[PDB]
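Here's a solo chain for you in structure tokens, the form deposited in one PDB entry.
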């Protein structure tokens, strides 16, 4: 079903992924409570996820999205942090696990900031942290995140995403726009699992500042 291909640290692809991961780090409102306190990652390994069935579904949907949006599928590389990596790399993203609540809408969420996704590696609010030390700011335990191909199509920009079950008419995605009375960092939402491909699996550690 799924095959992982190791990228060499000296390869252009690995370097591109690491630089996007490192450059998108930001200071979060919670002062590092959910994701830990760091200004750098120590990248352990980067793997390319190979899943035939997932690629088929992704490519088929991309063709549809572009055919609806004047031949522009608007593909974006976005981060996804989750304690359910294994399920995602084998089954893909699934909007059926999502629902309307006080924090999120019924969708598949992505960040353009790696540090935002890092806040969800151990669950909502960082859960209880690493299973070994129960520390949300663990500098030892190897963390994992995904760097995904996301078919955005025509995106709808809005201040709040909690009431969304699908994109508005003629749109394919929703973007939670940063605001003074809202989000500090952008949220990217799709409502179909076929609109994302979990391309890269990043294994890393957060680094403790000097």
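Numbering follows the first chain given and starts at 1. Note that the rigid core is defined as the largest set of C-alphas that superpose within 1.5 Å between two forms.
Beyond the structure shown, there is the form deposited in another entry, which is absent from this document and is the topic of what follows.
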Worksheet item: If we fit on the core, is the Cα of residue 162 displaced 2 Å or more between this form and the one not shown?
Response: yes
Worksheet item: Quick one: once the rigid core is lined up, does residue 105 have its C-alpha move by 2 Å or more between this form and the one not shown?
Response: yes
Item to complete: Since the C-alpha distance between residue 99 and residue 149 changes by 3 Å or more in the other form, give its direction relative to the shown form: closer or farther.
Response: closer
Response to the item:
Per the comparison in the other form, the residue 101 and residue 109 C-alpha atoms (change 3 Å or more) are positioned closer
